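K.L.:
This one's a deposited entry, sequence included:
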Amino acid sequence: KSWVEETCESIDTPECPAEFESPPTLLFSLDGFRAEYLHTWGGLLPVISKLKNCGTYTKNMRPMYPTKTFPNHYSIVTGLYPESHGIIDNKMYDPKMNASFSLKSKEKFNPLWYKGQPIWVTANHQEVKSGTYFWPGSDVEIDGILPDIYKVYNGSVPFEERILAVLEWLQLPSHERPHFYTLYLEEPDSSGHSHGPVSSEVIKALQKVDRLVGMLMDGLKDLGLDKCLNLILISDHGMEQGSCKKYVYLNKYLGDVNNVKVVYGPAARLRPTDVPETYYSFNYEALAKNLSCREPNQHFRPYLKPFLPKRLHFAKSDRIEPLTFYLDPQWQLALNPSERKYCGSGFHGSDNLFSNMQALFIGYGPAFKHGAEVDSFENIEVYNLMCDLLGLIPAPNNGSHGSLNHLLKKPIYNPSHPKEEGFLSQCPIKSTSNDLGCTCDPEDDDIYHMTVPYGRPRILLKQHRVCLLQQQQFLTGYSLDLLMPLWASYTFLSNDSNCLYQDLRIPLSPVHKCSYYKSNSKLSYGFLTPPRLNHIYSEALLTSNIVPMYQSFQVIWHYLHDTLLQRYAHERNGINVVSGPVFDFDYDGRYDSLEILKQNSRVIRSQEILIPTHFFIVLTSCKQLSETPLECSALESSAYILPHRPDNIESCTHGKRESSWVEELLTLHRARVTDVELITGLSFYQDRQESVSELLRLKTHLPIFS
Ligand SMILES: *[C@@H]1O[C@H](CO)[C@@H](O[C@@H]2O[C@H](CO)[C@@H](O[C@@H]3O[C@H](CO[C@H]4O[C@H](CO)[C@@H](O)[C@H](O[C@H]5O[C@H](CO)[C@@H](O)[C@H](O)[C@@H]5O)[C@@H]4O)[C@@H](O)[C@H](O[C@H]4O[C@H](CO)[C@@H](O)[C@H](O)[C@@H]4O)[C@@H]3O)[C@H](O)[C@H]2NC(C)=O)[C@H](O)[C@H]1NC(C)=O
Ligand SMILES: Cc1cn([C@H]2C[C@H](O)[C@@H](COP(=O)(O)O)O2)c(=O)[nH]c1=O
Ligand SMILES: *[C@@H]1O[C@H](CO)[C@@H](O)[C@H](O)[C@H]1NC(C)=O
Ligand SMILES: *[C@@H]1O[C@H](CO)[C@@H](O)[C@H](O)[C@H]1NC(C)=O
Ligand SMILES: [Ca+2]
Ligand SMILES: [Zn+2]
Ligand SMILES: [Zn+2]
C-alpha cells in the first residue's frame, strides 16, 4: 500500500532508523499555489489532502509584498521583510551599484544583492549540513557560504528527477548527510500564468504536483522515513486573473515620454531614465501629484515610498523606487502596451492582503500536530520555525519568535514579554497657573483598571521620560521629553470649540495655548480622547490630551470617533481604545531616536513643533459579543496606522462623499498590533491572561481583503 492509501497515524515520538539522531527538515515549494486551490480542488488532490488532514494546515498564509517568487522565497528562508533582505522584485535596480537585477542574468549570481542570512547559512555557522535543490539564493554564495549540496537553477531538469535527487541524498553517510533540505517546482505558477487560475491546465497541474508529492512520500516510506521527517509544504504566492480591459497605461496621462522607466505589474514602480544622474534629482512629488485623481474611479494610486500603508513594509531600501503604485485587485500598470509581456494572463504581485494572493502552508511530521487548523500567519514567521526544527539559534529577523508555537507538539522556544526600558517618573501639581487665552461657552485603583483593562502599555523606549496621568475617563502616558502624550487609553461602552484647560501636572509649552492656533494656518490640535464622552466631559480638554494635527486630517479623526467608533461599540458590545501620535520620519517602520527626532522638528507660527507622521489607534473587543471589554474571555483586536497628511489627495475627496472615502482609508491602512508596537516603542496586552505565545499570535494577525 502506497503512503496516500494508508490512513492517518499519530507520530507523537519520531520513529527514526539507525544512523539518524533527529528527523531532518524538508522545505517543499510549489510556486504559484494559490490558497484557493486547495480550498476548492481538495477532492482532486488526494496526496495534498492527506497532508492537510494529518498535519498543521492554515486556510491562508500571508506572503510578502510584492507577491513575486524571488522576494517571497527568500523571505521564507531569511524571515526578513523584502525591504531589508535586498530582493525586492524579480526585476529591480540599485542606484548605488548602477546595476539591474534579473532571473535570467549574470547579475543574479552577484552576492551584493542578497542581504540578511538564509537558513542554510545559519545552519552552516552552527555546524548543520544542508542540501538544497533550486531555492532562490542557493546558487549564490552569501557571506561566502554555499550549501553542502546545491544546484544552480536549471528549469529543464524534470520534476521526477528532482525528487529522486533528494531521495538519494537521504542515503548519504551520517557525517555527510544534510539535515536541512529544499525542493522547488515551477507549478502551478507556470500553468497559472498561461491559462488562468480557473482552467483545465491548472487542474491538470495541481494533479501533476499532487502525484509528485505522493512520489516523495512513497519514496520516504520505502526508506522507512515516513514517520521520521518534518515536511513543510509551502508556496510563495497566489494567482490572479488579469484582463485587457483592466490594465493601466501611463502614456495616456504623460504621453509617449522616454524620460521615465516603468516596471510593469500590479506593483508598479517608476524611475527616471537618466540614472543615477537624476535618480534623486528627479522630483517624483510633482509627477505623483500630477497623476492623482484623473479618473472618476481610478484603479491605481500614485504613492511616494513613505506614503504607502505601513503594513506593507516597503520603503527602507535603495532598490525600491521613490514612486510606487497601488492597484485594485485584477489590475496591472505599465508605461506602454509594448513593455508588458501580456495583459490577459494569470498574474501576481498584487496587495498581499488580497484573497487570491494568499499562499499554501502544510506542516507534516513528528514535530507537527495532526489535523490541527490554525489562523493565518506571515511567511517571515517560518524562518524561526525552521531554526527550532533544526536546533539553530535564529539570526535577527522580523518574525515574532514563538508566535507559531501552537503548530508544534512539543514547542522548543518559550517566549517572554519585553522589559520596560522607559524611565518612568511621576507628575505632581507643580506649575500654576498660566493664561491659555481660550473662550469657553457655558478609589483611584478602581478607575485605573477600567481605563486599561488589559494592562497599561509598557514603554519600550530607551530611555524615554514618561509620566502616567490618571483621569476619570482615560489614562494617558505623557512624554516629558517631547511634551505631548505618547498614548491615551479609554473604554467606550455600548451605550454611554476653541476651549482648553491647562494640565497643572505638565510643564507649560507655548503650543498649548489656544492663542497659538489661528484660523488661517492649516495646522491645529486634535484630541486623542473624544471630549464628547459621557453634559460634556471636560478632562478631555486638558492640555495633555492634545496633539498637533492638520485641519485636513481632522476630517478623518472626528468622523472616526463621532460615527464609526459608536457603530463599532454597538456591533462589538463596546470597544477599548488606545490612540497616539507616530513619529517615523526615516520611514523604516521603527520608532525614531531622540537624535533624528530633533532633526525633523519644524518651526511654525514662530514656535518649534514636532509634528506626527502618523496616528495609531488600536480597537479591542471581546470574541463573545455577550461580554463587555472589561470582562473578555478572549480578545478581538484591530489596529490602524493612519498617515498624517496636510491634504486628502490620497482619498480623492472630490465628489464629496465623506462617509465612503474615510472608511476606505481606514481599511487600507489597517495594521498588525505588532506594527504599532514596532513604530511607537510600546507593548500591549502584557497583563492579559493569555500566554505570551498566544498574545504574539493575536498581535501579528491581519484580515484578508475579499
Ligand atoms: C526587520 O529586521 C531587520 C533585521 O533584524 C531590521 O533591520 C535592521 O535595522 C537596523 C536599524 O534600522 C540596522 O542597524 C543599523 O545599521 C546601519 C548600517 O550599518 C552600516 O552602515 C554604515 C556604513 O556607512 C556604518 O556606519 C556602519 O558601521 C558600523 O556602525 C557601528 C559603529 O559603532 C558598528 O557598531 C556596526 O557594527 C558597524 O560596523 C555599518 O557598516 C547603521 O547606520 C545603524 O546605525 C544606527 O544605530 C546605531 C546604533 O546601533 C547608531 O550608533 C547610529 O548612530 C545609527 O543611528 C544601525 O547599526 C540593522 O543593520 C538591520 N539589520 C539587518 C541585518 O538588516 C529591521 O529594523 C526590521 N524591520 C522592521 C520594520 O521591524
Ligand atoms: C527558483 C528559481 C525560479 N526562476 C524562475 C522560474 C519561475 O518560473 C519564475 C517565477 O515566476 P514568478 O516570479 O512570476 O512567479 O522564476 C529562476 O529564474 N531562477 C530560480 O532560481
Ligand atoms: C551606469 O551603467 C550604464 C550601463 O551599465 C552605463 O552606460 C553608464 O555609463 C553607467 N553610469 C555611471 C555613472 O557609471
Ligand atoms: C539543464 O537540465 C537538463 C536536464 O538535466 C540538461 O539536459 C541540460 O543540459 C541542462 N542545461 C544546462 C544549462 O546545463
Ligand atoms: Ca524610524
Ligand atoms: Zn512565484
Ligand atoms: Zn509567477
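P.N.:
Perfect, I can see it now. Numbering: from 1, shown residues only. Ligands and ions are numbered 1, 2, ... in the order given.

K.L.:
hey, let's count contacts and neighbours off CA atoms from now on
P.N.:
Noted.

K.L.:
Which stretches in the stretch 251-400 of the chain count as helices?
P.N.:
Ranges of helices in the stretch 251-400 of the chain, per DSSP state H, counting those that start in this stretch, are 251-254, 284-289, 382-390.

K.L.:
I'd like to know which of those helices is closest to ligand 1.
P.N.:
helix 382-390 (12.2 Å; C-alpha to the nearest ligand atom).

K.L.:
what distance separates that closest one from the centre of its chain?
P.N.:
19 Å (C-alpha atoms, centre = their mean, to the nearest Å).

K.L.:
could the helices of the stretch 251-400 of the chain go into a markdown table alongside distance to residue 644?
P.N.:
Shown next, in a markdown table, are the helices of the stretch 251-400 of the chain (distance: least, C-alpha to C-alpha, whole Å):
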| stretch | distance to residue 644 |
| --- | --- |
| helix 251-254 | 28 |
| helix 284-289 | 17 |
| helix 382-390 | 33 |
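
K.L.:
Can you redo those as JSON lines, where the extra columns are distance to residue 527 and mean neighbour count?
P.N.:
Output for the helices of the stretch 251-400 of the chain, formatted as JSON lines (distance: least, C-alpha to C-alpha, whole Å; neighbours: other C-alpha atoms under 10 Å):
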{"stretch": "helix 251-254", "distance to residue 527": "40", "mean neighbour count": "12"}
{"stretch": "helix 284-289", "distance to residue 527": "30", "mean neighbour count": "15"}
{"stretch": "helix 382-390", "distance to residue 527": "40", "mean neighbour count": "21"}
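
K.L.:
what would these look like in TSV with distance to ligand 5?
P.N.:
Compiled in TSV, the helices of the stretch 251-400 of the chain are given as follows (distance: least, C-alpha to the ion, whole Å):
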stretch	distance to ligand 5
helix 251-254	34
helix 284-289	21
helix 382-390	24
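
K.L.:
could you redo the ones you listed as JSON lines and give each row distance to ligand 2?
P.N.:
Compiled in JSON lines, the helices of the stretch 251-400 of the chain are given as follows (distance: least, C-alpha to the nearest ligand atom, whole Å):
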{"stretch": "helix 251-254", "distance to ligand 2": "24"}
{"stretch": "helix 284-289", "distance to ligand 2": "27"}
{"stretch": "helix 382-390", "distance to ligand 2": "18"}
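
K.L.:
Which among those helices is found nearest to ligand 4?
P.N.:
That would be, of those and by C-alpha to the nearest ligand atom, helix 382-390, which comes in at 29.5 Å.

K.L.:
what packs against that closest one?
P.N.:
Other helices and strands packing on helix 382-390, by 3 or more C-alpha pairs under 8 Å, 6 or more residues apart in numbering; DSSP states H and E, are strand 25-30, helix 69-78, helix 119-125.

K.L.:
Check whether the shortest one comes near ligand 6.
P.N.:
No - Strand 25-30 is not in contact with ligand 6 by C-alpha under 5 Å from the ion; minimum separation 8.4 Å.

K.L.:
which outside residues touch whatever helix or strand comes next after that strand?
P.N.:
Downstream of strand 25-30, the next assigned helix or strand under DSSP states H and E is helix 35-40. For helix 35-40, the external contacting residues (C-alpha atoms under 8 Å, 6 or more residues apart in numbering) are 45, 49, 59-61, 238, 356-360.

K.L.:
go on, stretch 531-547?
P.N.:
471-472, 476, 478, 484-485, 488, 496, 499-503, 506, 512, 525-530, 581.

K.L.:
Would you list the buried entries among the residues you listed?
P.N.:
In the contacts of stretch 531-547, burial by neighbour count holds for 471, 476, 478, 484-485, 488, 500-503, 506, 512, 525-530, 581, counting by 16 or more other C-alpha atoms under 10 Å.

K.L.:
check contacts around the residue nearest in space to the middle of the chain.
P.N.:
Nearest to the mean C-alpha position of the chain, by C-alpha atoms, centre = their mean, lies residue 311 at 4.4 Å. Going by C-alpha under 8 Å, 6+ apart, residue 311 touches 669-672, 675.

K.L.:
so can I have a markdown table of these showing neighbour count and distance to residue 384?
P.N.:
Formatted as a markdown table, the contacts of residue 311 follow (neighbours: other C-alpha atoms under 10 Å; distance: C-alpha to C-alpha, whole Å):
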| residue | neighbour count | distance to residue 384 |
| --- | --- | --- |
| 669 | 19 | 27 |
| 670 | 22 | 25 |
| 671 | 27 | 22 |
| 672 | 22 | 19 |
| 675 | 22 | 18 |
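
K.L.:
Next step: those restricted to strands.
P.N.:
The strands, defined by DSSP state E, take in 670-671 from the contacts of residue 311.

K.L.:
Same list (the contacts of residue 311) but as a markdown table, adding distance to ligand 6.
P.N.:
As requested, the contacts of residue 311 are exported to a markdown table (distance: C-alpha to the ion, whole Å):
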| residue | distance to ligand 6 |
| --- | --- |
| 669 | 26 |
| 670 | 26 |
| 671 | 25 |
| 672 | 25 |
| 675 | 26 |
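
K.L.:
Skipping its backbone neighbours, what lies nearest the residue of the stretch 301-450 of the chain found nearest ligand 6 in space?
P.N.:
For the stretch 301-450 of the chain and ligand 6, the shortest gap (C-alpha to the ion) falls at residue 348, measuring 8.0 Å. Leaving aside its sequence neighbours, residue 348 sits nearest to residue 239 (C-alpha to C-alpha, 6 or more residues apart in numbering; 5.2 Å).

K.L.:
Up against ligand 1, what does this structure have?
P.N.:
Along the chain, the residues adjacent to ligand 1 under the rule C-alpha under 6 Å from any ligand atom are 80, 84, 116, 396-398, 588-590.

K.L.:
Are any of those buried, and if so which?
P.N.:
By 16+ other C-alpha under 10 Å, the residues of the chain next to ligand 1 give 80, 84, 116, 397-398, 588-590 as buried.

K.L.:
tell me which residues in the longest helix along the chain are buried?
P.N.:
When the chain is parsed with DSSP state H, its longest helix is helix 200-222. Of all the residues in helix 200-222, those buried under the rule 16+ other C-alpha under 10 Å are 201-203, 205-220.

K.L.:
thinking again about what came up before, quickly name whichever of the contacts of residue 311 is closest to residue 256.
P.N.:
Comparing the contacts of residue 311 against residue 256 with C-alpha to C-alpha places residue 669 closest, at 33.8 Å.

K.L.:
pretty sure that closest one is touching residue 640, no?
P.N.:
Yes - Residue 669 is in contact with residue 640 according to C-alpha atoms under 8 Å; the separation is 5.9 Å.

K.L.:
Give me the neighbour count for residue 49.
P.N.:
By other C-alpha atoms under 10 Å, the residues close to residue 49 number 19.

K.L.:
and it, that's in a helix?
P.N.:
Yes - judged by DSSP: H, G, I helix; E, B strand; the rest coil, residue 49 forms part of a helix.

K.L.:
so what's it up against?
P.N.:
38, 42-43.

K.L.:
any idea how far residue 616 is from the residue sitting furthest away from the middle of the chain?
P.N.:
In the chain, counting by C-alpha atoms, centre = their mean, residue 442 sits farthest out from the average C-alpha position, at 47.6 Å. For residue 442, the distance to residue 616 equals 33 Å [C-alpha to C-alpha, to the nearest Å].

K.L.:
Nothing else from me, thank you.
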